[PDB]
Structures are given as C-alpha cells and as structure tokens.
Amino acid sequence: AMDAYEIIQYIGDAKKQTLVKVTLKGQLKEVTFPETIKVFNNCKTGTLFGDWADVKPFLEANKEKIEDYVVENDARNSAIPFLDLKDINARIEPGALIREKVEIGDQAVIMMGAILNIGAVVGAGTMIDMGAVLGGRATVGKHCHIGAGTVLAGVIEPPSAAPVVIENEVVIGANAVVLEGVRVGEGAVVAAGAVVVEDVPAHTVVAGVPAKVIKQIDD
C-alpha cells in the first residue's frame, strides 16, 4: 500500500555520486590513499574506484608520484543505483538499463536497450522488447509482450496517483505510448504506434493516435 511513498523516500535519501574507475601507474608505495577510495594496487600499477569528488583532489595531491592514469566514467551527479542483475531468475540482455527497486518476475525477458525506471514491475514470462521504456511505477502483468520502443509513461509523484497498469497476456506493438494511469485490460492488443489515452477493455484491439477500439477479439 505504501510502495509509492517508499519510492519517493528512497529517492530523497539517495546520495548523488560521480563514480569513476581509475587505472594508474607510478611510485604507488609512496602514495597515501584515503579511506574514501577503494584501491587495488601493487608497487607499480593500480585500479581505483570512487566518487570523482574524492578522486580528483587525490590525483592533484599525488601528481608527482603518478606517472599516468585513465579515468572511466559513465554518469554525473547520479543518485539512484542500478539493480543487481546477477541473481535474478530472468533474462536481461546487455545494454538494458534497470534502476534499483524494479521487480522482474520469473522467466521475464528484458531485451537490449530497454529502460526500466524505479518502481517498474515486470510480471512472470513477460518480454520487454528492445529499446522499450517503463516509466516510474509502470506495472506489467504476466506473459505480456511490450513491443520495441514502446513507452509506458511514468508516475512517481504524486504517490496517490495510479501508474500505468498492463494486465496479463497483453501485446503492445512497436513505438506505442500508454499514458499515465491508463489500464490495459487482459488479453488486449495495442497496435504499433498507438497512443493509448484511456483504459483498454479486456480482449479488444485498439489502434491510432489517439487509440480507439478497432475490434473485439474472441481470444
């Protein structure tokens, strides 16, 4: 019941960071590393992991002992961590971007380049296809197919607001959009390129910008 409130609380607690991986060489036994940097070094070479705010002044301080370095970096002032994928009972392909507090059901499939925002829920056996986007709290049922490039609009604030809810066995075409708070009924089909602005009854096909009922199917 308090999920949406606890998401906003988690976000407000999250600490902005600019995490870097540094490879370096030099007279590293002469170097003094602070507790703030995770360091993996021998006397000759090393690998450092840490926030740029700690690493930058560190490199400046030891410039005379460090011969050369490379800094790798992916993000800036980013607070929300990404989800640990290593133990999930599902399939997540490389280039998928999944934030913390996302729920991925058993034997779901998250394709290359899909993006799952905080609070997103993916039911068991569901495919989120390539480049698809699940906004904050967007909720997908079981054995659904969310087409390549489709956007399910996000709803973080206000926490009392209903997120997008995709019921079971839904197929949504490529590059469609489902707007905030819209419910797509069980077994329904949303055509490629549709913009779904109101609830879709179970077992109907909708299509168009904006989507209209085009057909009622018998399963």
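Residue numbers here begin at 1 and follow the sequence given.
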Stretch exceeding the other in mean C-alpha B-factor - 3-11, 210-218
210-218
What third of the chain, by the recorded C-alpha B-factor, contains residue 16?
highest
Thinking about Cα B factors across the chain, which third does residue 33 belong to?
highest
What third of its chain's C-alpha B-factors does residue 110 belong to: lowest, middle or highest?
lowest
Chain thirds of CA B-factor: placement of residue 55
middle
In terms of the CA temperature factor given in the entry, to which third of its chain does residue 143 belong: lowest, middle or highest?
middle
